[PDB]
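Chemist: Okay, so here is run-v3.txt, and as you'll see once you scroll down, it has compact mmCIF, C-alpha atoms and all ligand atoms.
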```txt
# COMPACT_ATOMS: atom_id res chain seq x y z
CA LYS A 1 -11.94 -40.10 -98.76
CA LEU A 2 -9.48 -37.59 -97.22
CA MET A 3 -8.33 -34.30 -98.79
CA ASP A 4 -4.81 -32.89 -98.15
CA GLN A 5 -6.21 -29.32 -97.82
CA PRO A 6 -9.29 -29.18 -95.53
CA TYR A 7 -12.58 -27.30 -95.54
CA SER A 8 -11.88 -24.44 -93.09
CA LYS A 9 -13.91 -21.66 -91.43
CA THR A 10 -12.67 -19.13 -88.90
CA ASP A 11 -14.82 -16.93 -86.64
CA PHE A 12 -13.94 -14.87 -83.53
CA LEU A 13 -16.33 -15.63 -80.63
CA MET A 14 -16.10 -14.95 -76.81
CA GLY A 15 -13.16 -12.62 -77.64
CA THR A 16 -11.18 -15.68 -78.98
CA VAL A 17 -10.22 -16.73 -82.55
CA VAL A 18 -12.06 -20.00 -83.31
CA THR A 19 -11.05 -22.22 -86.28
CA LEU A 20 -12.57 -25.55 -87.47
CA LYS A 21 -10.93 -27.73 -90.16
CA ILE A 22 -12.33 -30.93 -91.73
CA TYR A 23 -10.20 -33.10 -94.08
CA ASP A 24 -13.24 -35.15 -95.26
CA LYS A 25 -14.21 -34.82 -98.93
CA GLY A 26 -17.86 -33.67 -99.21
CA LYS A 27 -18.31 -32.74 -95.49
CA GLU A 28 -18.11 -28.90 -96.04
CA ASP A 29 -21.66 -28.30 -94.62
CA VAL A 30 -20.53 -29.80 -91.24
CA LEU A 31 -18.48 -26.57 -90.63
CA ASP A 32 -21.69 -24.44 -90.29
CA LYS A 33 -23.17 -27.27 -88.12
CA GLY A 34 -20.13 -27.16 -85.76
CA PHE A 35 -20.28 -23.34 -85.47
CA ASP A 36 -24.09 -23.33 -84.89
CA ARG A 37 -23.54 -25.80 -82.00
CA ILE A 38 -20.73 -23.54 -80.55
CA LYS A 39 -22.86 -20.34 -80.75
CA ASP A 40 -25.94 -22.18 -79.29
CA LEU A 41 -24.04 -23.60 -76.27
CA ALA A 42 -21.99 -20.36 -75.74
CA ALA A 43 -25.32 -18.39 -75.57
CA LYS A 44 -26.80 -20.88 -72.99
CA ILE A 45 -23.77 -20.90 -70.63
CA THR A 46 -22.08 -17.47 -70.86
CA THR A 47 -22.05 -15.09 -67.85
CA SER A 48 -20.51 -12.24 -69.96
CA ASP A 49 -23.88 -11.82 -71.79
CA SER A 50 -24.28 -8.01 -71.30
CA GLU A 51 -28.09 -8.53 -71.93
CA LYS A 52 -28.33 -11.15 -69.07
CA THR A 53 -30.33 -13.53 -71.34
CA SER A 54 -28.27 -16.74 -70.59
CA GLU A 55 -29.57 -19.82 -68.72
CA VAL A 56 -26.75 -19.26 -66.14
CA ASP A 57 -27.55 -15.49 -66.11
CA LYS A 58 -31.05 -16.52 -64.82
CA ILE A 59 -29.86 -19.00 -62.15
CA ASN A 60 -27.53 -16.19 -60.89
CA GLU A 61 -30.58 -13.84 -60.96
CA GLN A 62 -32.81 -16.12 -58.81
CA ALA A 63 -29.98 -16.79 -56.26
CA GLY A 64 -31.83 -17.27 -52.93
CA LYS A 65 -35.37 -17.05 -54.46
CA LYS A 66 -36.55 -20.00 -56.60
CA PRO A 67 -35.04 -22.79 -58.71
CA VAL A 68 -34.66 -22.28 -62.51
CA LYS A 69 -35.52 -24.76 -65.26
CA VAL A 70 -32.56 -25.32 -67.61
CA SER A 71 -31.96 -27.19 -70.90
CA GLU A 72 -30.11 -30.58 -70.88
CA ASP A 73 -26.77 -29.01 -71.97
CA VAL A 74 -26.77 -26.54 -69.06
CA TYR A 75 -28.00 -29.16 -66.54
CA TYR A 76 -25.30 -31.63 -67.69
CA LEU A 77 -22.46 -29.00 -67.71
CA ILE A 78 -23.38 -27.80 -64.17
CA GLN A 79 -23.53 -31.45 -62.98
CA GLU A 80 -19.97 -31.98 -64.29
CA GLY A 81 -18.89 -28.58 -62.82
CA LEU A 82 -19.99 -29.79 -59.34
CA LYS A 83 -18.03 -33.10 -59.76
CA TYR A 84 -14.77 -31.26 -60.69
CA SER A 85 -15.27 -29.19 -57.48
CA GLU A 86 -15.23 -32.49 -55.42
CA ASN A 87 -12.04 -33.93 -57.01
CA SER A 88 -10.10 -30.64 -56.46
CA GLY A 89 -7.95 -29.61 -53.47
CA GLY A 90 -10.76 -27.17 -52.62
CA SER A 91 -9.28 -25.30 -55.62
CA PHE A 92 -12.16 -25.53 -58.20
CA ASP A 93 -15.69 -24.09 -57.62
CA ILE A 94 -18.27 -23.03 -60.24
CA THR A 95 -19.76 -20.65 -57.58
CA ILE A 96 -16.57 -18.49 -57.84
CA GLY A 97 -18.83 -16.19 -59.91
CA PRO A 98 -18.93 -13.29 -57.44
CA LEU A 99 -15.08 -13.22 -57.18
CA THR A 100 -14.55 -13.61 -60.95
CA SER A 101 -17.23 -10.92 -61.53
CA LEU A 102 -15.28 -8.60 -59.16
CA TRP A 103 -11.79 -8.99 -60.76
CA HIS A 104 -13.43 -9.46 -64.21
CA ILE A 105 -9.95 -10.31 -65.64
CA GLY A 106 -9.69 -10.03 -69.48
CA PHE A 107 -12.62 -7.54 -69.78
CA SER A 108 -12.51 -3.78 -70.64
CA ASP A 109 -13.35 -2.96 -66.94
CA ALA A 110 -10.73 -5.38 -65.52
CA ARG A 111 -9.48 -4.14 -62.12
CA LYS A 112 -7.67 -5.35 -59.01
CA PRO A 113 -10.43 -5.08 -56.42
CA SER A 114 -9.56 -3.87 -52.87
CA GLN A 115 -9.10 -6.44 -50.07
CA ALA A 116 -12.43 -5.28 -48.47
CA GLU A 117 -14.38 -6.08 -51.68
CA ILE A 118 -12.67 -9.53 -51.90
CA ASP A 119 -13.46 -10.31 -48.22
CA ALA A 120 -17.15 -9.52 -49.03
CA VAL A 121 -17.55 -12.20 -51.80
CA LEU A 122 -15.40 -15.13 -50.35
CA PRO A 123 -18.04 -16.57 -47.95
CA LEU A 124 -20.49 -16.85 -50.97
CA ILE A 125 -18.25 -19.53 -52.66
CA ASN A 126 -19.60 -23.03 -51.81
CA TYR A 127 -20.47 -25.55 -54.60
CA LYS A 128 -22.33 -27.59 -51.89
CA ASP A 129 -24.90 -24.69 -51.83
CA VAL A 130 -26.09 -25.70 -55.36
CA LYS A 131 -29.08 -28.04 -55.27
CA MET A 132 -30.24 -29.71 -58.50
CA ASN A 133 -33.61 -31.42 -59.07
CA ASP A 134 -33.36 -34.29 -61.66
CA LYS A 135 -37.14 -34.84 -61.98
CA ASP A 136 -37.55 -31.04 -62.53
CA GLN A 137 -34.28 -30.19 -64.37
CA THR A 138 -33.94 -27.11 -62.10
CA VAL A 139 -30.75 -25.62 -60.63
CA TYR A 140 -31.07 -23.46 -57.46
CA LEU A 141 -28.46 -21.36 -55.62
CA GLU A 142 -29.60 -21.55 -51.93
CA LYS A 143 -28.37 -18.03 -50.87
CA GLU A 144 -28.72 -14.46 -52.18
CA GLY A 145 -25.62 -13.08 -53.91
CA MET A 146 -24.23 -16.48 -55.14
CA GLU A 147 -23.25 -16.59 -58.83
CA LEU A 148 -22.29 -19.45 -61.17
CA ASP A 149 -19.27 -19.12 -63.45
CA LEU A 150 -18.70 -22.02 -65.90
CA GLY A 151 -15.86 -20.24 -67.81
CA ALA A 152 -13.36 -22.89 -66.55
CA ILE A 153 -15.21 -25.84 -68.26
CA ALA A 154 -17.19 -23.98 -70.99
CA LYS A 155 -14.67 -24.33 -73.95
CA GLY A 156 -13.91 -27.96 -72.96
CA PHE A 157 -17.61 -28.98 -73.02
CA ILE A 158 -18.14 -27.06 -76.30
CA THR A 159 -15.11 -28.73 -77.92
CA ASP A 160 -16.47 -32.20 -76.95
CA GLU A 161 -19.96 -31.23 -78.28
CA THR A 162 -18.30 -30.01 -81.50
CA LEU A 163 -16.46 -33.38 -81.76
CA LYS A 164 -19.78 -35.25 -81.24
CA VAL A 165 -21.63 -33.09 -83.87
CA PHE A 166 -18.66 -33.95 -86.17
CA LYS A 167 -18.92 -37.78 -85.84
CA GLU A 168 -22.76 -37.70 -86.16
CA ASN A 169 -21.88 -36.45 -89.69
CA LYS A 170 -19.19 -39.24 -89.99
CA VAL A 171 -16.26 -36.79 -89.98
CA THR A 172 -13.10 -38.85 -89.41
CA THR A 173 -10.24 -36.29 -89.68
CA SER A 174 -10.47 -32.77 -88.24
CA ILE A 175 -8.97 -30.13 -85.97
CA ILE A 176 -11.08 -28.16 -83.48
CA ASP A 177 -9.35 -24.97 -82.28
CA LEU A 178 -11.15 -22.82 -79.64
CA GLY A 179 -8.21 -20.62 -78.50
CA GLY A 180 -6.52 -22.60 -75.69
CA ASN A 181 -8.57 -25.76 -76.47
CA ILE A 182 -7.46 -28.04 -79.35
CA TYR A 183 -8.91 -31.39 -80.39
CA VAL A 184 -7.13 -33.37 -83.15
CA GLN A 185 -9.33 -36.10 -84.63
CA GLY A 186 -7.79 -39.11 -86.41
CA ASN A 187 -4.42 -38.47 -88.08
CA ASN A 188 -2.78 -36.12 -90.52
CA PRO A 189 -3.90 -37.41 -93.99
CA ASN A 190 -0.18 -38.19 -94.66
CA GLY A 191 -0.53 -40.98 -91.98
CA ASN A 192 1.62 -39.40 -89.24
CA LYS A 193 0.15 -38.19 -85.92
CA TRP A 194 -0.99 -34.56 -85.66
CA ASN A 195 1.70 -32.05 -84.66
CA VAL A 196 0.29 -30.00 -81.79
CA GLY A 197 1.86 -26.59 -81.02
CA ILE A 198 2.65 -26.38 -77.30
CA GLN A 199 2.13 -22.70 -76.47
CA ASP A 200 4.97 -20.36 -75.35
CA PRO A 201 3.41 -18.91 -72.16
CA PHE A 202 5.56 -15.71 -72.62
CA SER A 203 4.32 -14.72 -76.12
CA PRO A 204 1.11 -13.94 -78.05
CA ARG A 205 -1.17 -16.95 -78.65
CA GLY A 206 0.25 -19.12 -81.51
CA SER A 207 3.94 -18.72 -80.55
CA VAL A 208 5.05 -22.33 -79.67
CA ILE A 209 8.18 -23.78 -77.96
CA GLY A 210 7.70 -27.26 -79.49
CA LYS A 211 5.40 -29.81 -81.14
CA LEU A 212 3.77 -32.87 -79.52
CA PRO A 213 2.64 -35.77 -81.71
CA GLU A 214 -1.00 -36.55 -80.77
CA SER A 215 -4.03 -38.26 -82.40
CA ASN A 216 -7.63 -38.39 -81.12
CA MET A 217 -6.86 -36.21 -78.00
CA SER A 218 -7.55 -32.82 -76.40
CA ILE A 219 -4.77 -30.38 -75.56
CA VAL A 220 -5.95 -27.65 -73.14
CA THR A 221 -3.39 -24.89 -72.61
CA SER A 222 -3.30 -22.61 -69.52
CA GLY A 223 -0.85 -19.71 -68.94
CA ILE A 224 -0.10 -16.79 -66.58
CA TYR A 225 -0.17 -14.41 -69.57
CA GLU A 226 -3.14 -15.84 -71.56
CA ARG A 227 -5.79 -13.39 -70.25
CA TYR A 228 -4.20 -11.24 -67.52
CA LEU A 229 -4.52 -7.87 -65.76
CA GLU A 230 -1.39 -5.67 -65.30
CA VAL A 231 -1.91 -3.06 -62.51
CA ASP A 232 1.12 -1.18 -61.01
CA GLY A 233 3.41 -3.46 -63.17
CA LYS A 234 2.20 -6.62 -61.35
CA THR A 235 0.32 -9.35 -63.32
CA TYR A 236 -2.91 -11.16 -62.28
CA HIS A 237 -4.04 -14.17 -64.37
CA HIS A 238 -7.63 -15.51 -64.53
CA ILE A 239 -7.17 -18.70 -62.39
CA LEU A 240 -8.22 -17.50 -58.89
CA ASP A 241 -7.98 -19.25 -55.47
CA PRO A 242 -11.53 -19.32 -54.10
CA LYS A 243 -10.20 -19.50 -50.51
CA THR A 244 -7.86 -16.43 -50.83
CA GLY A 245 -9.54 -14.36 -53.63
CA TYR A 246 -6.25 -13.78 -55.54
CA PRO A 247 -4.67 -15.59 -58.49
CA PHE A 248 -2.60 -18.77 -57.82
CA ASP A 249 1.14 -17.96 -57.79
CA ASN A 250 3.81 -20.73 -57.96
CA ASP A 251 6.62 -21.88 -60.34
CA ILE A 252 4.13 -22.71 -63.16
CA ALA A 253 4.09 -20.43 -66.25
CA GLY A 254 2.21 -22.79 -68.66
CA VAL A 255 0.53 -26.22 -68.71
CA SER A 256 -1.02 -28.25 -71.58
CA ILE A 257 -3.25 -31.12 -70.30
CA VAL A 258 -3.49 -34.01 -72.80
CA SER A 259 -6.78 -35.98 -72.25
CA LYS A 260 -9.43 -37.93 -74.17
CA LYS A 261 -12.14 -35.33 -73.41
CA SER A 262 -11.52 -31.59 -73.61
CA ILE A 263 -13.93 -30.95 -70.71
CA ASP A 264 -11.56 -33.03 -68.49
CA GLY A 265 -8.50 -30.92 -69.64
CA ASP A 266 -10.50 -27.80 -68.72
CA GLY A 267 -11.86 -29.43 -65.51
CA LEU A 268 -8.50 -30.60 -64.01
CA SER A 269 -6.64 -27.36 -65.14
CA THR A 270 -7.41 -25.35 -61.99
CA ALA A 271 -6.43 -28.08 -59.45
CA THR A 272 -3.31 -28.92 -61.55
CA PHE A 273 -2.28 -25.22 -61.74
CA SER A 274 -2.98 -24.75 -57.99
CA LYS A 275 -0.41 -27.36 -56.85
CA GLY A 276 2.79 -26.08 -58.56
CA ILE A 277 5.06 -27.76 -61.17
CA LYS A 278 5.96 -30.83 -59.00
CA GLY A 279 2.82 -30.93 -56.84
CA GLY A 280 0.82 -30.64 -60.08
CA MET A 281 2.82 -33.30 -61.96
CA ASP A 282 1.94 -35.76 -59.11
CA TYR A 283 -1.78 -34.73 -59.33
CA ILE A 284 -1.78 -35.64 -63.06
CA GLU A 285 -0.10 -39.03 -62.31
CA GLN A 286 -3.23 -40.13 -60.34
CA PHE A 287 -5.43 -39.75 -63.50
CA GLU A 288 -5.23 -42.72 -65.89
CA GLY A 289 -5.08 -41.50 -69.54
CA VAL A 290 -4.43 -37.87 -68.44
CA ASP A 291 -0.94 -36.38 -68.99
CA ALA A 292 0.57 -32.85 -69.04
CA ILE A 293 3.47 -30.63 -70.14
CA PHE A 294 4.48 -28.03 -67.51
CA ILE A 295 6.55 -24.95 -68.32
CA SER A 296 8.14 -23.34 -65.22
CA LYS A 297 8.72 -19.58 -64.80
CA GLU A 298 12.47 -20.40 -65.34
CA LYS A 299 11.51 -21.76 -68.85
CA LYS A 300 12.17 -25.42 -67.87
CA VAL A 301 9.93 -28.04 -69.48
CA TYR A 302 8.64 -31.16 -67.67
CA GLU A 303 6.66 -34.16 -68.99
CA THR A 304 4.33 -36.51 -67.08
CA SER A 305 5.23 -40.22 -67.12
CA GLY A 306 2.89 -40.98 -70.09
CA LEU A 307 4.56 -38.28 -72.31
CA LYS A 308 8.26 -38.75 -71.41
CA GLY A 309 10.65 -38.21 -74.39
CA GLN A 310 7.64 -37.65 -76.76
CA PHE A 311 7.64 -33.78 -76.68
CA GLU A 312 9.88 -32.21 -79.39
CA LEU A 313 11.45 -29.02 -77.96
CA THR A 314 12.25 -26.48 -80.74
CA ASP A 315 12.86 -23.19 -78.84
CA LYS A 316 16.45 -23.23 -77.49
CA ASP A 317 15.46 -20.65 -74.77
CA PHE A 318 13.70 -23.63 -73.05
CA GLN A 319 15.36 -26.69 -71.40
CA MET A 320 14.03 -30.13 -70.32
CA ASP A 321 14.43 -31.43 -66.71
CA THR A 322 13.03 -33.93 -64.14
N1 LIG B 401 -10.90 -21.36 -59.25
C1 LIG B 401 -11.81 -21.30 -60.22
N2 LIG B 401 -12.84 -22.18 -60.21
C2 LIG B 401 -13.73 -22.11 -61.20
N3 LIG B 401 -13.77 -21.30 -62.25
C3 LIG B 401 -12.73 -20.45 -62.23
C4 LIG B 401 -11.74 -20.39 -61.28
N4 LIG B 401 -10.82 -19.41 -61.59
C5 LIG B 401 -11.28 -18.89 -62.70
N5 LIG B 401 -12.43 -19.48 -63.16
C6 LIG B 401 -13.16 -19.20 -64.39
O1 LIG B 401 -12.53 -19.93 -65.43
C7 LIG B 401 -11.77 -19.05 -66.31
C8 LIG B 401 -10.34 -19.56 -66.42
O2 LIG B 401 -10.32 -20.89 -66.97
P1 LIG B 401 -9.00 -21.43 -67.77
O3 LIG B 401 -8.56 -20.36 -68.78
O4 LIG B 401 -9.49 -22.69 -68.46
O5 LIG B 401 -7.93 -21.74 -66.72
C9 LIG B 401 -11.92 -17.65 -65.71
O6 LIG B 401 -12.12 -16.67 -66.72
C10 LIG B 401 -13.18 -17.75 -64.84
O7 LIG B 401 -14.32 -17.47 -65.62
MG MG B 402 -10.27 -24.16 -66.97
```
I'd like the structure from this file rewritten - as structure tokens, please.
Ligand SMILES: Nc1ncnc2c1ncn2[C@@H]1O[C@H](COP(=O)(O)O)[C@@H](O)[C@H]1O
Ligand SMILES: [Mg+2]

Modeler:
Amino acid sequence: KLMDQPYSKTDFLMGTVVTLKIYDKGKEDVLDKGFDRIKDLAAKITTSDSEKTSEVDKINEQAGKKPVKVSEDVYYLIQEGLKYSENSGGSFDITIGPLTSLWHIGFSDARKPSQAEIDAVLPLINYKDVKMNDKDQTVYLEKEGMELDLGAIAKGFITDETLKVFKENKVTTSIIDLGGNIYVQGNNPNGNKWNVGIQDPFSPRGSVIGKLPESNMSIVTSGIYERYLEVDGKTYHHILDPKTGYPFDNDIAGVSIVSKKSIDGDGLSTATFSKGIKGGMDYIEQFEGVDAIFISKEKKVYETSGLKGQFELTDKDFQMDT
């Protein structure tokens, strides 16, 4: 019971254009259910809440005082945030809050902080300083000044929770688009795989260099010009090195991580970005079922072993290589 033209709703949340599309005859009401679940989770987890009413806003408030009871969503997301900090090359840390709050890249008051300000917040970054109580469902930051930032895994977790709300309503065929996070469920009604736009990391969001046939997967796109600060004609993107305080700078311009779960595409993005085109390709080769497309600063495109010869390059300004 598939339609060719889907039920579709677009909003604009978290400063990003969100679109949900369901190709299932009769399942129109599931659009408002998906969006309700996005707005409910986004309100629980955000650290950009100017009112400071979030569950994370409260943990950050009681840093070095007392633990904070949290809902299951927040407790689960933080638990996964800590695990992704273990796997990394010391590259990923949900306690990067104080550094990300200082730069505040992509906000109206985005600035390049002085070296002295950056040196002040670095020693406060340690995921091992986050103690969770299971029997209490409390999260505690052990030292004053620590802050949580879940921005790196927030959209991935939300996309997976949107996908689960979808299948509880027996949706079979859908597209979830949360800016740089895309989930394609089932197939194009016409029977072919979904054609996923692989973002041009040198153009506004939606400009693509090529399509990638996928079905039942997440594509999480990162780029050096997605949300960036330009001070004195020098660019600073949002993926920061917790051990230096500055953005990661290598040959990578864009990466799209193809995974089963969108939270994993978000979760491995930082460590993958941190290691460079070739060091990051090898990092992806250690994850079964995870693959990636890298786009170098010289506009050369690289596939991981599981995606070789599958990506269809359609911008002639870009070339394929090994
Ligand atoms: N090294 C990091 N570890 C954890 N979270 C980070 C890190 N760098 C940036 N973030 C947060 O995650 C966002 C970038 O995630 P993404 O666009 O998925 O690469 C930033 O806006 C910060 O809120
Ligand atoms: Mg991320």

Chemist: Hey, which residues come within 6 Å of ligand LIG 401 (chain B) if we count only C-alpha atoms and all ligand atoms? Could you give them as a list in words?

Modeler: residues 91, 92, 93, 94, 96, 100, 149, 151, 152, 222, 238, 239, 240, 241, 242, 266, 269 and 270 of chain A

Chemist: May I ask for the distance between CA of residue 211 (chain A) and CA of residue 195 (chain A), given in Å to one decimal place?

Modeler: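 That distance, rounded to one decimal, is 5.6 Å.
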
Chemist: Looking at A:147, A:118, A:217, A:212, which one is nearest to residue 174 (chain A), with distances taken over all atoms listed in the file?

Modeler: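 Under the stated criterion, the closest residue is A:217.
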
Chemist: Interatomic distance between CA of residue 308 (chain A) and CA of residue 186 (chain A)?

Modeler: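 CA of residue 186 (chain A) lies at a distance of 22.0 Å from CA of residue 308 (chain A).
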
Chemist: Do you know which residues are at most 9 Å from residue 28 (chain A) counting all atoms listed in the file, after dropping those on the same chain fewer than 4 positions away, and could you put them as a list in words?

Modeler: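 So the residues in contact are residues 6, 7, 8, 22, 24 and 32 of chain A.
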
Chemist: If we count all atoms listed in the file, what is near residue 178 (chain A) at a cut-off of 10 Å, once residues fewer than 2 positions away on the same chain are taken out, given as a list in words?

Modeler: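 Residues near the query, excluding close chain neighbours: residues 11, 12, 13, 14, 16, 17, 18, 19, 20, 38, 155, 156, 158, 159, 175, 176, 180, 181, 182, 183 and 220 of chain A.
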
Chemist: Around (-26.6, -22.1, -79.4), as given in the file, which residues come within 12 Å? Count all atoms listed in the file and list them as a ChimeraX atom specification.

Modeler: /A:33-46,54-55,71,73-74,158,161-162

Chemist: Hey, can you spit out that residue selection with C-alpha atoms as a PDB file, in the coordinates of the input?

Modeler:
```
ATOM      1  CA  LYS A  33     -23.170 -27.270 -88.120  1.00  0.00           C
ATOM      2  CA  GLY A  34     -20.130 -27.160 -85.760  1.00  0.00           C
ATOM      3  CA  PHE A  35     -20.280 -23.340 -85.470  1.00  0.00           C
ATOM      4  CA  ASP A  36     -24.090 -23.330 -84.890  1.00  0.00           C
ATOM      5  CA  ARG A  37     -23.540 -25.800 -82.000  1.00  0.00           C
ATOM      6  CA  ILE A  38     -20.730 -23.540 -80.550  1.00  0.00           C
ATOM      7  CA  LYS A  39     -22.860 -20.340 -80.750  1.00  0.00           C
ATOM      8  CA  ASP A  40     -25.940 -22.180 -79.290  1.00  0.00           C
ATOM      9  CA  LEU A  41     -24.040 -23.600 -76.270  1.00  0.00           C
ATOM     10  CA  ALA A  42     -21.990 -20.360 -75.740  1.00  0.00           C
ATOM     11  CA  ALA A  43     -25.320 -18.390 -75.570  1.00  0.00           C
ATOM     12  CA  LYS A  44     -26.800 -20.880 -72.990  1.00  0.00           C
ATOM     13  CA  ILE A  45     -23.770 -20.900 -70.630  1.00  0.00           C
ATOM     14  CA  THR A  46     -22.080 -17.470 -70.860  1.00  0.00           C
ATOM     15  CA  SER A  54     -28.270 -16.740 -70.590  1.00  0.00           C
ATOM     16  CA  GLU A  55     -29.570 -19.820 -68.720  1.00  0.00           C
ATOM     17  CA  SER A  71     -31.960 -27.190 -70.900  1.00  0.00           C
ATOM     18  CA  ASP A  73     -26.770 -29.010 -71.970  1.00  0.00           C
ATOM     19  CA  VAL A  74     -26.770 -26.540 -69.060  1.00  0.00           C
ATOM     20  CA  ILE A 158     -18.140 -27.060 -76.300  1.00  0.00           C
ATOM     21  CA  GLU A 161     -19.960 -31.230 -78.280  1.00  0.00           C
ATOM     22  CA  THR A 162     -18.300 -30.010 -81.500  1.00  0.00           C
TER      23      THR A 162
END
```

Chemist: Name the residues in contact with residue 72 (chain A) at a cut-off of 8 Å, using all atoms listed in the file, excluding same-chain residues fewer than 3 positions from it; report them as a ChimeraX atom specification.

Modeler: /A:75-76,137

Chemist: Just need the box for region 11-23 of chain A, edges along x, y and z, holding every atom the file lists for it with 5 Å tacked onto each side, so centre and edge lengths in Å to one decimal, as lines of an AutoDock Vina configuration file.

Modeler:
```
center_x = -13.3
center_y = -22.9
center_z = -85.4
size_x = 16.1
size_y = 30.5
size_z = 27.3
```

Chemist: Considering only C-alpha atoms and all ligand atoms, can you say which of A:313, A:293, A:124, A:255 comes closest to ligand MG 402 (chain B)?

Modeler: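 Of all the options, A:255 lies closest to ligand MG 402 (chain B).
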
Chemist: Which one is closest to ligand MG 402 (chain B): A:253, A:231, A:150, A:224? Count all atoms listed in the file.

Modeler: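 Of all the options, A:150 lies closest to ligand MG 402 (chain B).
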
Chemist: One decimal, in Å: what's the spacing between CA of residue 319 (chain A) and CA of residue 201 (chain A)?

Modeler: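 These two atoms are separated by 14.3 Å.
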
Chemist: Compare A:316, A:27, A:227, A:167 by their minimum atom-to-atom distance to residue 110 (chain A), counting all atoms listed in the file, and give me the closest one.

Modeler: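 Nearest to residue 110 (chain A): A:227.
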
Chemist: Go through A:85, A:188, A:199, A:47 and flag the residue nearest ligand MG 402 (chain B), using only C-alpha atoms and all ligand atoms for the distances.

Modeler: A:85

Chemist: Counting all atoms listed in the file, which residues have an atom no more than 10 Å from (-0.4, -35.2, -101.0) in the file's coordinates? Please list them as number ranges by chain.

Modeler: A: 3-5, 189-190

Chemist: Find the residues near residue 69 (chain A): any atom within 8 Å, counting all atoms listed in the file, skip ones fewer than 4 places away on the same chain, and give them as number ranges by chain.

Modeler: A: 136-139
